[PDB]
């Protein structure tokens, strides 16, 4: 049965392994849908589940884990700090998350965005470092942090964030080159959300014929049909960047799973996607980056 051990994973700077393929509750409107989506993801073999405080779906993620019958120790669970409610501290929010998730610890706890902690980034990160010492979060990281934001929290830090979860796909490749290079020097692993943006929101752009050509190649090598969407995930796999996905259709979930083991892209293929993506800038989330 699929588990963290039995799945493709990426090693973090603290020694632990995060599964390369993840599934996120995202901005799912109804918790009833969110629960069924996570159940579908676990049942089809995804073992990395991404939640957040701010969208209220931790309860459904916890209920789905309990209802799936899969041992919690087989699964990697992430959640993310929203704004700190008045009269509370960071630890208070994680205790609340863990009660909703029905867990004793999360595998990964992230600051969801620097925009919610303006003037307090150093303080918040120190609090997150203490939550790792306390045993409530195995690994700690950030989300949507620019180079400027990382410099701020790294000044006088005892722990370097294990990951920076960001929007990442070919249409932000050119703009993100500085933060990607910075993270590589500090050994911060980027993780991707929004990986299918080019073909879901901007179909008809310059990357499409490149994806079509590469999908035909990968499919010929593998002996099965391969989609443009699967090539976008192989692009992330080739860069060592975990892909957090969002679609709930069992047919698409099975497509995602296949990308874990499809033939990898060659250097010329990755470069061709980099180039074609660099012909357009389309940033869908965290617009303060622009």
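Positions refer to the first chain, counted from 1.
query: Can you tell me which stretch has the higher mean Cα B-factor, 22 to 30 or 46 to 54?
result: Here the higher of the two C-alpha B-factor means belongs to 22 to 30.
- request: Look up the CA B-factors in the entry and say which stretch, 155 to 163 or 73 to 81, has the higher mean.
  value: The recorded data point to 155 to 163.
query: Reading the B-factor column of the entry, which of 136, 218, 86, 111 has the highest value at its C-alpha atom?
result: Most elevated C-alpha B-factor of the set, per the entry: 86.
- request: Please work out which residue in 97, 143, 187, 132 has the highest C-alpha B-factor recorded for this crystal structure.
  value: The listed residue with the largest C-alpha B-factor is 187.
query: If you rank the chain by CA B-factor, which third does residue 201 end up in: lowest, middle or highest?
result: It falls in the top third of the chain.
field: residue 229 - Cα temperature factor, lowest/middle/highest third of chain
entry: According to the entry, residue 229 has a C-alpha B-factor in the chain's lowest third.
Assigned third (lowest, middle, highest) for the C-alpha B factor of residue 214: Lowest third of the chain for residue 214's C-alpha B-factor.
- request: Check where residue 241 lands among this chain's C-alpha B-factors and tell me if it's the lowest, middle or highest third.
  value: As the PDB entry reports it, the C-alpha B-factor of residue 241 lands in the lowest third of its chain.
- prompt: If you rank the chain by CA B-factor, which third does residue 121 end up in: lowest, middle or highest?
  reply: Top third by C-alpha B-factor.
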